[PDB]
Amino acid sequence: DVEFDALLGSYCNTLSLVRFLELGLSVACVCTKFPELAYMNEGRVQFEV
Amino acid sequence: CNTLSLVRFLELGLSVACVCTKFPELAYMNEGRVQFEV
């Protein structure tokens, strides 16, 4: 008697690492680096017209 | 604590076209006459 229970398949999907500066909604925002924003109670912006 | 307190502006070009004539320099003046002959 000859018998075997065989293993035939294993597949992984790609996990797409999608950056924020790719999509079309990057246009409306100007993101910029500022550390220590946790330390302020106000860093808030004042503008003329 | 931030900038962007700036807007800019001007208005010319069409500001002479619709005006459709101009005399500058009115001095101390009392009466302006233009007569028509047709």
# chains A, B, ... in the order shown; residues from 1 in each chain; ligands from 1

$ closest_atom_pairs --of "chain A" --to "chain B" --cutoff "9 Å" --atoms "only C-alpha atoms" --output "Markdown table"
| residue | atom | partner | partner_atom | distance |
| --- | --- | --- | --- | --- |
| A:42 | CA | B:1 | CA | 8.3 |
| A:43 | CA | B:1 | CA | 5.4 |
| A:44 | CA | B:1 | CA | 5.9 |
| A:45 | CA | B:2 | CA | 4.9 |
| A:46 | CA | B:2 | CA | 6.3 |
| A:47 | CA | B:5 | CA | 3.7 |
| A:48 | CA | B:5 | CA | 4.5 |
| A:49 | CA | B:7 | CA | 6.1 |

$ write_last_selection --atoms "N, CA and C atoms" --output "PDB file, in the first residue's frame"
ATOM      1  N   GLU A  42      -1.150  76.925  23.122  1.00  0.00           N
ATOM      2  CA  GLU A  42      -1.453  77.769  21.975  1.00  0.00           C
ATOM      3  C   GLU A  42      -0.194  77.929  21.139  1.00  0.00           C
ATOM      4  N   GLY A  43      -0.298  77.628  19.850  1.00  0.00           N
ATOM      5  CA  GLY A  43       0.735  77.975  18.894  1.00  0.00           C
ATOM      6  C   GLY A  43       0.055  78.604  17.700  1.00  0.00           C
ATOM      7  N   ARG A  44      -1.082  79.226  17.988  1.00  0.00           N
ATOM      8  CA  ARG A  44      -2.139  79.382  17.005  1.00  0.00           C
ATOM      9  C   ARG A  44      -1.908  80.601  16.121  1.00  0.00           C
ATOM     10  N   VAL A  45      -2.539  80.594  14.950  1.00  0.00           N
ATOM     11  CA  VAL A  45      -2.099  81.374  13.797  1.00  0.00           C
ATOM     12  C   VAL A  45      -2.916  82.660  13.696  1.00  0.00           C
ATOM     13  N   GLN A  46      -2.236  83.776  13.405  1.00  0.00           N
ATOM     14  CA  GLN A  46      -2.882  85.078  13.265  1.00  0.00           C
ATOM     15  C   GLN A  46      -2.538  85.683  11.910  1.00  0.00           C
ATOM     16  N   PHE A  47      -3.544  86.212  11.218  1.00  0.00           N
ATOM     17  CA  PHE A  47      -3.407  86.650   9.834  1.00  0.00           C
ATOM     18  C   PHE A  47      -4.155  87.959   9.577  1.00  0.00           C
ATOM     19  N   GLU A  48      -3.607  88.792   8.688  1.00  0.00           N
ATOM     20  CA  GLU A  48      -4.239  90.041   8.273  1.00  0.00           C
ATOM     21  C   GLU A  48      -5.164  89.806   7.095  1.00  0.00           C
ATOM     22  N   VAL A  49      -5.894  90.850   6.725  1.00  0.00           N
ATOM     23  CA  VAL A  49      -6.514  90.979   5.415  1.00  0.00           C
ATOM     24  C   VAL A  49      -6.666  92.463   5.103  1.00  0.00           C
TER      25      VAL A  49
END

$ atom_distance --atom1 "CA of residue 32 in chain B" --atom2 "CA of residue 16 in chain B"
22.5 Å
